[PDB]
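**Q** Chains as they are written, first to last, in the authors' numbering: chain C, 6 to 327, 332 to 501; chain B, 6 to 327, 335 to 501; chain A, 6 to 327, 336 to 501.
Note that the Cβ used here is the ideal one computed from N, Cα and C, for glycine as well.
Sharing a structure below in structure tokens format, with a few things to ask.
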Amino acid sequence: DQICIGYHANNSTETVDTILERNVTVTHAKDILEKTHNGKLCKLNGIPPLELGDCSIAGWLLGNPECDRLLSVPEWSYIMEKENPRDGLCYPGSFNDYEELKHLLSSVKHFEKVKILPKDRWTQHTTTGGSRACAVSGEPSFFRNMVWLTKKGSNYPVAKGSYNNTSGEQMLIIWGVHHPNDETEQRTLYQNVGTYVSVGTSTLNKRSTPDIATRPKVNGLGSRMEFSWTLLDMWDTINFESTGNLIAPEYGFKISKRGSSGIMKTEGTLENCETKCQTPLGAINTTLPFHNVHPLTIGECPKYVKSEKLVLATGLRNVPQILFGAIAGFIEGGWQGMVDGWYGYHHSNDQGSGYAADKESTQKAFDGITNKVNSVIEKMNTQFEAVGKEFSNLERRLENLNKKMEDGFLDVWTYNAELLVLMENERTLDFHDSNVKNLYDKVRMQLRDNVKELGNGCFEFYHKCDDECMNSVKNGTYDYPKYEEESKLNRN
Amino acid sequence: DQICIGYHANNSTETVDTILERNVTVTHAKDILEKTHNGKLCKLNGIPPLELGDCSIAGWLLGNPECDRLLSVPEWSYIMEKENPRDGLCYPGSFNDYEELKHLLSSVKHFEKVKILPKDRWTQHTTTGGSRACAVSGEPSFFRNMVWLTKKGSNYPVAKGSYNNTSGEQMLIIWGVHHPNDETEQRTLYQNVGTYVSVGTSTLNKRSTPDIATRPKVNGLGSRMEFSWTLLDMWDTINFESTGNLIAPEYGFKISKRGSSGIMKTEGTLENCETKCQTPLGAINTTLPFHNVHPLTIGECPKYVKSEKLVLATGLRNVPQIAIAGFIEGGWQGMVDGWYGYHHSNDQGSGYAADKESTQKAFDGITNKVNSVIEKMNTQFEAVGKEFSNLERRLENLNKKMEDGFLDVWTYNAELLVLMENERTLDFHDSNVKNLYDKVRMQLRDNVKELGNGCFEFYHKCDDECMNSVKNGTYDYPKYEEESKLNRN
Amino acid sequence: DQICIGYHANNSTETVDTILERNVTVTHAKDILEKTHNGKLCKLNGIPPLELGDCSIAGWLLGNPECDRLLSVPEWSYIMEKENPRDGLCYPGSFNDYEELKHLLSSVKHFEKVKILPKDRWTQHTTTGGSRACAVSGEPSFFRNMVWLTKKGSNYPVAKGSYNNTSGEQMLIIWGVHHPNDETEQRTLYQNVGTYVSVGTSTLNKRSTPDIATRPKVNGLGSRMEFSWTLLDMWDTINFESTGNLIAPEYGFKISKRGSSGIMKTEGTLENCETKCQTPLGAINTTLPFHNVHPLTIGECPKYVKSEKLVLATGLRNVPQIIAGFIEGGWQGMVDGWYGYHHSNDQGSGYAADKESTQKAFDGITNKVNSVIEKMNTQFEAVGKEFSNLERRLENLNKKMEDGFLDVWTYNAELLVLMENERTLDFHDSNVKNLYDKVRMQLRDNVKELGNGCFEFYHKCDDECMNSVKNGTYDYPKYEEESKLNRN
Ligand SMILES: CC(=O)N[C@H]1[C@H](O[C@@H]2[C@@H](O)[C@H](O)O[C@H](CO)[C@@H]2O)O[C@H](CO)[C@@H](O[C@@H]2O[C@H](CO[C@]3(C(=O)O)C[C@H](O)[C@@H](NC(C)=O)[C@H]([C@H](O)[C@H](O)CO)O3)[C@H](O)[C@H](O)[C@H]2O)[C@@H]1O
Ligand SMILES: CC(=O)N[C@H]1[C@H](O[C@@H]2[C@@H](O)[C@H](O)O[C@H](CO)[C@@H]2O)O[C@H](CO)[C@@H](O[C@@H]2O[C@H](CO[C@]3(C(=O)O)C[C@H](O)[C@@H](NC(C)=O)[C@H]([C@H](O)[C@H](O)CO)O3)[C@H](O)[C@H](O)[C@H]2O)[C@@H]1O
Ligand SMILES: CC(=O)N[C@H]1[C@H](O[C@@H]2[C@@H](O)[C@H](O)O[C@H](CO)[C@@H]2O)O[C@H](CO)[C@@H](O[C@@H]2O[C@H](CO[C@]3(C(=O)O)C[C@H](O)[C@@H](NC(C)=O)[C@H]([C@H](O)[C@H](O)CO)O3)[C@H](O)[C@H](O)[C@H]2O)[C@@H]1O
Ligand SMILES: *[C@@H]1O[C@H](CO)[C@@H](O)[C@H](O)[C@H]1NC(C)=O
Ligand SMILES: *[C@@H]1O[C@H](CO)[C@@H](O)[C@H](O)[C@H]1NC(C)=O
Ligand SMILES: *[C@@H]1O[C@H](CO)[C@@H](O)[C@H](O)[C@H]1NC(C)=O
Ligand SMILES: *[C@@H]1O[C@H](CO)[C@@H](O)[C@H](O)[C@H]1NC(C)=O
Ligand SMILES: *[C@@H]1O[C@H](CO)[C@@H](O)[C@H](O)[C@H]1NC(C)=O
Ligand SMILES: *[C@@H]1O[C@H](CO)[C@@H](O)[C@H](O)[C@H]1NC(C)=O
Ligand SMILES: *[C@@H]1O[C@H](CO)[C@@H](O)[C@H](O)[C@H]1NC(C)=O
Ligand SMILES: *[C@@H]1O[C@H](CO)[C@@H](O)[C@H](O)[C@H]1NC(C)=O
Ligand SMILES: *[C@@H]1O[C@H](CO)[C@@H](O)[C@H](O)[C@H]1NC(C)=O
Ligand SMILES: *[C@@H]1O[C@H](CO)[C@@H](O)[C@H](O)[C@H]1NC(C)=O
Ligand SMILES: *[C@@H]1O[C@H](CO)[C@@H](O)[C@H](O)[C@H]1NC(C)=O
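And the structure:
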């Protein structure tokens, strides 16, 4: 009669990496890293994003004639923008604090356009002016959200405008100043030289003077237009005053919804699909804690890491046993007939052979491994990860600072995850061997000298053991005093 | 005769966490997180703070009439300010590089006010101007540290003033420029239009022109005042020149003491107490690696982690149940002398004991373990706090992301370290008990008989001296050889 | 006849650290931190650096008469500069966006010079101005790369100038505006009051007005000069216009080579040596992952930490024996392996060693060391950044970021080394005990354990017997009858 102790082996080919060995075959493994995406841009939470196409943020807000599809925009989840948009500032010029405006637009999910200074109120000036830089059907045109004030007759009276924010929320207002190319243009358009543009609110005070000089021609013009913005608070007034070179606003943008969003730089188009996490390459439909698709992401998303594989070993080592002899134990290798658990027995008494499994040790090890996996997974913080920021070309030091901070944090977390996986894999691999040896030691200690240790994990008895005795050994209820006299006689 | 190997147990309730099992009761434990405070604002190292009250830093430095108790201020440790103070710039306006000034004030612990430009030297101008936005008992007043210069008669001559820094340290000087509401105010205050204000030092050059326009009324006035500042070095000179719209300084703030300080944003009042670490909610009296009270602390304080529990297992696992059994059946609730030990049952009488060697080495190892976890933590002075304007949102976001990421890194590090360390400690105790059992078996050989419950049943009658020998490591197998062999057969 | 299981011991005095114990003597150890350096400033990859000496970047780029040796600088790898250079802006003034220029200079490597506005083109102005601040051999002089335009006779016509960037790469252009001290100076130099200087490119639009005021005297002058720069793109044009107070450029700086470079603040001189990693204190010749010389480095350089010691245990504990086995201590006679045996039969005694266990342990330790070393990424880092007096918050932010990352890495390295040392020292004991258990399991009941790690045989075990026991092919049935007879 025999009784042996061993573990479970199968035909799995999965491999894991530990700290002292690489490419170790395991029975079961878990992948906590996702590397796949659908390669499409979709709807977030059911709300489609805003597709700017070839337009830019400045072109959308100012009202470029090539951006007439965005004159009435519904609620959005994120903004899609190209790297180098073609239709932006049709009239050559600049845009002060552009990056700050783009950053503000990363927490706004809806705008409401309100007419604050109607065009017909300028009854002492000329409001129908344009340029061939922004041309519709050949004839010159202008921005659809701004008014160009020129002289009426042969005089330019002082232009005064005001607006009291009785809308209900913060309002965004944009104005501009025109810089001519020669004194001829200035005297043809505004009738006087030495003009000023003054804009004032409760917490704002600005006075700009036009610059007239010969400049290189961009879009066929040697002139420029400088744009500035402000955020008017509730129950607050904005005052405009100018002697010349004022590009007045007709519309003001009211922040109607607020939340978390961002600007995604991509060259693709939207497709009919839904998702909960959006990368510039495609959506992610996952429950795993990590991914390595793209750093920048919008929505609740797994952490990024510069890794190619991260596998957690949740099973035993796969060492298979290699003439109608006696089945060995855990010393030689695993068993392929034990399919009901991880650790078990094998009896060879008179009433047939057969395998079995020990439920207590298997349950304990399963609970421990599940707890380890859940501790690794669930001690990671997940939130909104809008990590897109823009910097001008006078802000190289700030851009380098942001790049270094992001790279350092990403490298730190990569190191953390990789080393954690390595140590945990080694610890679980040693755990399984410790458990098997502990079960063997318990069996030997409870069986005492009634048996004969064979040296390969098996126990040759000294008495005749029935299935009742075998289950007693498995149950840990073996009655040593009962068989003492019988076993002692056959020993010598 | 019987000898057994076991471990000590008690009636504890403290629970630790292990990466494999949660809620494991332990005999001893060490909490390395502090979660309490006194809820009061106290004195840092015996020096009281500067309680601004309803005043702002601009109001304190400019001389707001409602902050007359701050004209002379002693040495301080930190500044207490409200989130939205009331008495700031009584005259509506702005302040250039306000956040830079507030950051500079974070390393200054005392100021000395020096009269650098008296009011009586302006003998060619009028220096009694005032406004009703800054009013005392109904009549108009003005800032106490500044002079408003106005025409004397019907003339405003060119105003010139210079100062040489012979005080002995760096000096802070604040001036201002007035922006009227209409040309009428400009002409009845300064007699001419097209004025300038020029300030020049060895490393500074600034020229400003007033802006006259209609603005929404704040505090009743459509005018504004714009203030600037500079840091004058030792043995350096500052020049002032203006044809109008100049608010000249009367006093300068010399930096008398330097060090580490900060601005704490609270709404409370100072009380009578001492401390070493201060938080906006209260003071901390602790000597532990970690705390979870408030992020923005002033002083040498433990790192902040978003953890509600961080307990290091120092003692053994608590299995209460134990003739008498050994370590397989569980722990002993009667061995109150040490950690590992024995239990003998010879004919003289039963009794417990303790193994001094194993207990001492385990104690030293656990002590070194705890001290390595604790004394690897840099704790220097850091007054975490910075202010940004409404046009510096990107910088504010960068700073917030930096602090949040560092905090998350440190919480993950601490939690993982505690979990793995506790697992290793419990495994260490189990291994030590097993090693003691194995050593006893190895030295005791076949003269005894294992029972499977951790105990050994001898074959020779063993007295007290023999038992102290087997606990000593000086057991003599050959002497009990023939006697032991006889009865075993 | 005996066979024993033991481990190696020697006369080393190395010491490692562990999470449970400190000052542990080991047979073999590896130091993974380098604390030594050459002490000299060398050539990076065979290319010598740029030695500014007593000059500043502004002085080099403007043409300070004292810096007359840097008019034709060759290719370089990094720039050496002093903390407080002496020869800089000889004429007192400022330099707008100076730190941005210094940041841009950390990625260029040659800076070819191109004459864009030759001085002879100004036929309607006087171009021979100078000052005693920048005085050579007593007589007044001026910057060698700049032109000071004054009036000719009693007129100052409008000054215009253009340059189309057809060089083949980006260019750097610097101009200036002069601020006088009084109206007498302004009328003596430019003949008109109320002047302006206008500069315009396809993406720049700046207009400046002179400031006339009395200022403290620096270098004997109460007047100042303000300098600004721009980066002209390819096939772009820059326009200059002024009615006075213009310091026009004569040269432009075309970027010829781009790559990784930097600025080092040192007070030393270049010495004849070659290196690949350079610190402000010296050079590093290394094969080790770590170093604790100086935070700021240029080149292929190791990682930096606040660590005074980082030693990885690659061997056994040194517990020499005062023939016993592994219970007492190591053997000072086993010179061919980590774990081994010692036997004594009627041929003779002698030590030996195991091959499989020693090889497995060697491979495991080597893999551990290589994993610790090779998971640390390295790359070129431009740590050095400079900030102005009104950017204290940004400077503090940068300092806090660098310090925090560096303490994080220091803590990680320390904990990794401590836990790995504990793991190795437990691994060795586990391996020796596993060998002992394997031998006992194979040898069964035909022998007699003696407690110290040795086995006393019950039969007469010869040399072929002993190699069989070492091999793992011990025949239990062959000696079963003989062993059982004498045991009874
Ligand atoms: C309205 C118009 O066509 N003006 C042109 C100007 O005309 C003079 C007219 O005002 C006067 O009464 O009579 C004389 C003849 O006796 C002229 O006809 O003449 C200029 C040259 O002589 C033209 O200059 C050219 O303008 C180009 C630009 O056209 C646009 C543009 O595409 O930007 C469009 C409009 O003409 C105009 N917008 C208005 C008036 O509201 C803008 C305007 O010039 C902006 O200030 C841009 O600079 O220009 C090119 O700029 C070209 O380089 C220039 O020679 C006038 O178009
Ligand atoms: C000094 C004074 O009372 N000025 C008031 C001004 O009167 C003139 C006086 O200077 C002249 O000699 O004679 C005429 C009569 O022939 C006046 O009496 O009249 C203004 C109305 O027309 C008042 O304006 C109002 O001022 C308000 C603010 O008043 C104060 C203030 O408390 O801020 C009063 C101060 O005395 C005055 N002067 C100084 C030197 O600080 C300041 C000054 O105007 C500031 O510079 C304000 O920018 O103003 C309100 O602003 C109100 O809206 C306005 O109508 C003059 O008070
Ligand atoms: C060219 C010259 O010698 N100018 C000095 C000036 O003289 C006049 C001359 O131009 C006119 O035709 O005739 C009168 C007599 O009828 C004068 O001879 O007189 C000034 C004092 O009265 C001197 O002033 C001093 O200049 C110092 C600086 O000298 C330099 C310098 O080294 O920086 C000399 C340069 O030649 C001069 N000119 C140019 C074109 O660079 C510069 C120039 O003044 C700078 O722009 C200064 O902002 O200055 C000191 O500045 C000292 O404080 C001052 O009194 C003139 O040197
Ligand atoms: C482990 O596998 C990887 C890829 O499967 C291979 O590159 C590497 O050489 C393997 N390791 C060894 C020790 O062969
Ligand atoms: C703006 O409107 C609100 C509400 O109608 C009013 O209280 C406030 O006085 C108005 N502003 C001004 C400057 O009158
Ligand atoms: C996305 O994942 C969910 C699991 O929550 C699954 O039910 C659904 O079918 C998946 N959709 C696609 C398109 O893969
Ligand atoms: C551990 O105990 C806490 C209460 O002390 C309980 O909230 C938690 O669910 C328990 N966890 C487990 C795994 O039993
Ligand atoms: C300021 O005072 C110091 C010492 O009294 C003196 O050396 C210096 O020349 C003075 N400054 C000026 C501009 O005279
Ligand atoms: C135990 O060992 C110590 C060795 O220092 C010895 O002095 C003592 O007598 C021993 N005890 C007994 C009972 O032999
Ligand atoms: C240690 O032993 C080696 C033998 O290889 C010898 O060369 C060396 O000098 C010895 N060192 C000391 C300090 O005894
Ligand atoms: C123990 O280690 C410390 C370094 O932490 C060292 O200064 C000291 O000399 C060492 N002592 C011994 C006895 O090795
Ligand atoms: C500058 O030169 C380029 C040559 O490629 C030419 O295309 C361009 O028109 C020139 N610029 C101007 C303003 O003519
Ligand atoms: C640098 O170290 C290497 C060893 O890795 C050595 O071969 C070489 O000669 C050394 N060079 C110098 C200049 O020290
Ligand atoms: C030991 O094993 C080797 C296997 O490489 C074999 O060649 C040799 O004959 C064996 N020796 C004995 C004595 O079994």
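Taking only three categories from DSSP, how would you classify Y424 (chain C)?
**A** helix
**Q** Classify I37 (chain B) as buried or exposed, calling it buried when 16 or more other Cβ atoms lie within 10 Å of its own Cβ.
**A** buried
**Q** Distance check for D416 (chain C) and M230 (chain C), CA to CA, integer angstroms please.
**A** 38 Å
**Q** Using 9 Å as the threshold, is the C-beta distance between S228 (chain B) and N197 (chain B) below it?
**A** no
**Q** Can you tell me whether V141 (chain C) is buried or exposed? The criterion is at least 16 other CB atoms within 10 Å of its CB, across all chains shown.
**A** exposed
**Q** Let me check one thing: in DSSP terms, what residues is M176 (chain A) bridge-paired to?
**A** A:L237 and A:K259
**Q** Name the chain C residues that come within less than 7 Å of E427 (chain B), Cβ to Cβ?
**A** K388
**Q** Distance cutoff 9 Å, beta carbons only. Does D102 (chain B) sit that close to anything in chain A?
**A** yes
**Q** Can you tell me where the alpha helix (DSSP H) holding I62 (chain B) begins and where it ends?
**A** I62 to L67
**Q** Mapping DSSP to helix, strand and coil, what is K446 (chain A)?
**A** The answer is helix: DSSP assigns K446 (chain A) an H, G or I state.
**Q** Taking the DSSP output, what are the residues bridged to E279 (chain C)?
**A** C:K48
**Q** Can you tell me whether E246 (chain B) is buried or exposed? The criterion is at least 16 other CB atoms within 10 Å of its CB, across all chains shown.
**A** buried
**Q** Please confirm whether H441 (chain C) has its beta-carbon closer than 9 Å to some beta-carbon of chain A.
**A** no
**Q** In three-state terms, what does DSSP make of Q372 (chain C)?
**A** helix
**Q** Could you give the DSSP three-state label for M347 (chain C): helix, strand or coil?
**A** In this structure, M347 (chain C) counts as coil in the three-state DSSP scheme.
**Q** Between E341 (chain C) and chain A, is any beta-carbon pair separated by less than 9 Å?
**A** Taking Cβ atoms only, chain A never reaches closer than 9 Å to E341 (chain C), which makes this a no.
**Q** Do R149 (chain B) and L209 (chain B) have their C-beta atoms within less than 9 Å of each other?
**A** no
**Q** So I24 (chain B) and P54 (chain B) are supposed to be a Cβ contact under 8 Å. How far apart are they, rounded?
**A** Contact doesn't hold; Cβ gap of about 44 Å is too wide.
**Q** At a cut-off of 8 Å, is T171 (chain C) close to ligand 5 when judged by its beta-carbon and the heavy atoms of the ligand?
**A** yes
**Q** What does a CB cutoff of less than 6 Å around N459 (chain A) pick up in its chain, not counting 5 residues either side in sequence?
**A** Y471, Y492 and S496
**Q** Would you kindly check if the distance between the Cβ of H130 (chain A) and the Cβ of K157 (chain A) is under 9 Å?
**A** yes
**Q** Determine whether the Cβ of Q175 (chain A) lies closer than 9 Å to any Cβ atom of chain C.
**A** no
**Q** Does any residue of chain C have a CB that is nearer than 9 Å to the CB of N484 (chain A)?
**A** no
**Q** When burial is assigned at 16 or more other CB atoms within 10 Å of the CB, is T280 (chain A) buried or exposed?
**A** buried
**Q** Quick one, are the C-beta atoms of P90 (chain B) and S61 (chain B) less than 9 Å apart?
**A** yes
**Q** Look at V421 (chain B) and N297 (chain C) and say whether their C-beta atoms are less than 9 Å apart.
**A** no
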